[PDB]
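Keeping their order, the protein sequence lines are chains A and A'. A prime marks a further copy of an entry chain. Heads up: the first sequence is residues 2 to 252, 263 to 286, going by PDB author numbering. Heads up: the second sequence is residues 2 to 252, 263 to 286, going by PDB author numbering. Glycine included, C-beta positions come from ideal geometry on N, C-alpha and C. Working notes, beginning with the structure itself.
Number of protein chains: 2
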Amino acid sequence: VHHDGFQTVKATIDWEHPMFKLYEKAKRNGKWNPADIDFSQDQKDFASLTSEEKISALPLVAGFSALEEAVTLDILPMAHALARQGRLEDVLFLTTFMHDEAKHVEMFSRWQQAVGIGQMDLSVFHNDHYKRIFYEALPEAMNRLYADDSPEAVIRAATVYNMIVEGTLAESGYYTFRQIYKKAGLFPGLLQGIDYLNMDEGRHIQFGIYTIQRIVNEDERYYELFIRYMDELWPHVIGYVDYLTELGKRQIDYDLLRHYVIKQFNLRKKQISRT
Amino acid sequence: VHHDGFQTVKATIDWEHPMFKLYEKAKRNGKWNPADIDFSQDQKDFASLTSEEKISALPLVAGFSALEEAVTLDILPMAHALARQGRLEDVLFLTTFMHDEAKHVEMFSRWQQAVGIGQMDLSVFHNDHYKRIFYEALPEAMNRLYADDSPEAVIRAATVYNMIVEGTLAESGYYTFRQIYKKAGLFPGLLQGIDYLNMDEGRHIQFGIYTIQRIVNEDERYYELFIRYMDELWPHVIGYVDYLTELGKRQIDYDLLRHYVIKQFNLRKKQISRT
Ligand SMILES: CCCCCCCC(=O)O
Ligand SMILES: CCCCCCCC(=O)O
Ligand SMILES: [Fe+2]
Ligand SMILES: [Fe+2]
Ligand SMILES: [Fe+2]
Ligand SMILES: [Fe+2]
Ligand SMILES: [Mn+2]
Ligand SMILES: [Mn+2]
């Protein structure tokens with residue numbers, strides 16, 4: 002359907018818009034390139050591990066490669082919905098969001114190639130709870146936006162994508178991987194990549210907060226929706242954590268990683284206010 | 002609808018894919034930031050112009066600001082269609098394509114703000130032919146892809162977007178603006194911006210060529226479709242040129268700019284081969 006006119010012909014970009022300012026920060030701070038990371042020591046590290054040590058690392062990497070690929074693809078309906086609503090500055094910011102996710106996908110796939118597991122099908126480490134989130138709930142919530150961009154639909158999409166997938170699971174996964182391999186002195190290239198990724202994801206969560214809060218600001222009714230959609234997904238979040246915990250104990264303070272996930276989930280709720 | 006699995010979990014990125022290699026070039030060569038351009042001399046230049054000189058520049062700027070805003074918004078259906086087809090490397094490249102267009106929109110809007118015309122509604126310089134392309138045909142061809150990603154629909158979308166809008170009109174517009182103001186010694190900030198934009202658009206046209214050619218390679222039938230869709234839009238291309246020519250003659264070798272447009276249109280055809 003047609004363009005009515007163009008904001009930068011009728012007027013200008015809204016230079017003070019929060020998402021324009023976030024777009025400006027993303028350009029300044031978004032220069033890293035996964036192609037520049039030296040993975041040669043990660044290759045030696047992985048080869049020195051015993052077979053049992055080798056597969057201990059793979060469930061988390063399997064979870065992150067799919068997470069990053071899913072969020073690369075599944076932000077496109079959000080960008081479409083906000084473009085159709087004329088939210089130009091959100092769209093400009095989301096071009097940096099999408100390109101960040103492309104680099105994140107690339108980083109994990111380069112690591113797999115470098116250490117010699119690119120030919121291994123890591124899907125065996127996606128349990129039913131993981132699939133319910135990443136194969137089903139995430140794409141369903143985002144694709145809804147092509148036919149329903151109501152405030153309820155936008156809140157649900159931002160809740161699943163930004164607050165649960167990125168702000169609870171990915172945030173906790175970064176932390177976990179850092180805890181484990183930083184102390185071991187292992188995989189310096191991957192940890193460099195994760196550091197850059199974590200800096201990017203700081204901006205991404207601000208977009209999710211902005212989006213949910215501006216909708217909640219219209220009607221407190223929507224605060225209770227946000228909380229409900231968070232609680233709806235929790236069983237699958239903790240069900241995936243329980244599965245990773247059960248894998249690792251079979252081959263690290265798990266009670267303290269499990270508590271980081273609970274901490275992050277509750278922190279995301281506190282970043283939205285009923286008013 | 003669901004994700005079946007994830008390519009970077011089952012395997013890796015296809016490192017030799019042409020669009021992966023273009024993605025890598027885009028990251029290396031895509032560092033410029035419109036926020037770094039010094040427009041202070043452009044402001045003085047524009048203020049020194051007489052009212053009649055001032056409005057001579059505005060029709061082209063009006064055409065470019067809308068062009069860049071339209072192509073920023075209207076690439077999203079192409080990215081969606083290729084993601085749904087599992088073309089991961091195309092999607093990674095298209096994140097750089099979209100972010101490039103965001104910078105292009107930003108650049109022209111910063112220039113308008115800097116020289117003091119941001120408050121002017123420049124839509125008066127969009128004639129019927131311009132509207133037929135940018136307000137109607139472009140968004141219609143791209144949005145089709147949400148419900149019809151047939152090879153015919155993808156060829157038509159790439160033809161309107163990459164070969165006509167970017168490869169014929171934008172290419173000729175860059176050249177024209179360079180010719181005119183480079184020789185005058187005017188608007189050095191805007192010309193710097195246009196130089197960076199032209200470098201970006203070199204990659205964009207390669208994606209359009211790749212996309213059309215891979216579809217033509219399946220069936221020569223589609224070569225004749227490509228030519229037909231190009232010829233269908235020509236009347237609006239030259240009808241906009243005739244209008245800009247008529248404006249400028251009322252306030263520069265026009266016969267030679269008009270011939271650059273014809274040259275570019277025919278050059279784009281020669282970049283697709285029936286086999
Ligand atoms: C064991 C606690 C860590 C859970 C977060 C894992 C998220 C992911 O791997 O994508
Ligand atoms: C006068 C010949 C130049 C025609 C190309 C203009 C395209 C544009 O302004 O977007
Ligand atoms: Fe993210
Ligand atoms: Fe379970
Ligand atoms: Fe372009
Ligand atoms: Fe006409
Ligand atoms: Mn990410
Ligand atoms: Mn452009």
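Interface criterion not met: the Cβ of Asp39/A' is under 8 angstroms from no Cβ in chain A. Under the three-state reduction of DSSP output, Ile239/A falls in the helix class. Put simply, the CB of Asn163/A' is far from chain A, with every gap to its CB atoms at 8 angstroms or more. Burial is judged here by how many other beta carbons sit within 10 angstroms of a residue's own beta carbon; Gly117/A has fewer than 16 and is exposed. For the segment 196 to 207 of chain A, the set of residues with a beta-carbon nearer than 9 angstroms to any beta-carbon of chain A' is empty.
Considering only beta carbons, the part of the segment 142 to 162 of chain A lying closer than 7 angstroms to chain A' consists of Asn144 and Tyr147, in chain order.
For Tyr175/A, the enclosing alpha helix (DSSP H) has its first and last residue at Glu172 to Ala185. In chain order, the residues positioned with their C-beta nearer than 6 angstroms to some heavy atom of ligand 6 are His130/A' and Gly240/A'. Positions of the alpha helix (DSSP H) runs, each at least 4 residues long and wholly inside the segment 12 to 95 of chain A, are given as 19 to 30, 41 to 49, 52 to 75 and 77 to 85 in order along the chain.
Under the three-state reduction of DSSP output, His105/A falls in the helix class. For the segment 87 to 99 of chain A', the residues whose beta carbon sits under 8 angstroms from a beta carbon of chain A are, in order, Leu89, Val92, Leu93, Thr96, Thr97 and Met99.
A distance below 8 angstroms separates the beta carbons of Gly174/A and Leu61/A. In the structure shown, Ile283/A' adopts coil according to DSSP, grouped into three states. The C-alpha of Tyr271/A' is placed about 56 angstroms away from the C-alpha of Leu59/A. Here the alpha carbons of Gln275/A' and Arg29/A' stand approximately 27 angstroms from one another. Ligand 1 approaches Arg269/A closely enough that one of its heavy atoms is under 7 angstroms from the residue's Cβ.
Around ligand 5, the residues whose beta-carbon falls short of 5 angstroms from at least one of its heavy atoms are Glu167/A', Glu202/A' and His205/A', given in chain order.
With a threshold of 7 angstroms, the Cβ atom of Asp101/A counts as near ligand 7, since some heavy atom of the ligand is closer than that.
Take the alpha-carbon of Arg204/A and the one of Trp112/A: they are about 24 angstroms apart. Listed along chain A is no residue with a C-beta nearer than 8 angstroms to that of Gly168/A'; the closest approach is about 20 angstroms. Listed along chain A' are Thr9, each with a C-beta nearer than 9 angstroms to that of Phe109/A. Restricting attention to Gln42/A', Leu234/A' and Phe47/A', the CA atom closest to the CA of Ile165/A' is found in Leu234/A'. With a threshold of 8 angstroms between beta carbons, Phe276/A' makes no contact with chain A. The Cβ atoms of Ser124/A' and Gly6/A sit closer than 8 angstroms to each other.
Under the Cβ criterion (8 angstroms, minimum of three pairs), the segment 135 to 153 of chain A counts as touching the segment 216 to 223 of chain A. Here the distance from the Cβ of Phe65/A' to the nearest heavy atom of ligand 2 is below 7 angstroms. Rounded to whole angstroms, the separation of the alpha carbons of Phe47/A' and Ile213/A' is 41 angstroms.
Among the residues of the segment 6 to 33 of chain A', those with a Cβ less than 8 angstroms away from any Cβ of chain A are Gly6, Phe7, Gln8, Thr9, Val10, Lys11, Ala12, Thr13, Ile14, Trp16, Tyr24, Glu25, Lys28, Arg29 and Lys32, in the order of the chain. Residue-level contact check: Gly240/A does not touch chain A', since none of the beta carbons of chain A' fall below 8 angstroms from its beta carbon. DSSP, reduced to helix, strand and coil, places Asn218/A outside both helices and strands of the structure shown, so it counts as coil. Using a CB distance cut-off of 8 angstroms, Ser57/A' does not count as an interface residue toward chain A. The alpha-carbon separation between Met200/A and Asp243/A' amounts to approximately 50 angstroms. Ligand 1 never approaches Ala80/A' closely enough for any of its heavy atoms to be under 7 angstroms from the residue's Cβ. Neighbours of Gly119/A' across chain A, judged by C-beta separation under 7 angstroms: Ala12 and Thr13. Inclusion of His81/A' and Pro140/A in the CB contact set at 8 angstroms is not warranted, their separation being larger than that value. Closest option to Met99/A', judged by alpha-carbon separation, among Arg285/A', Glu53/A', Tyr162/A' and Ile283/A': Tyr162/A'.
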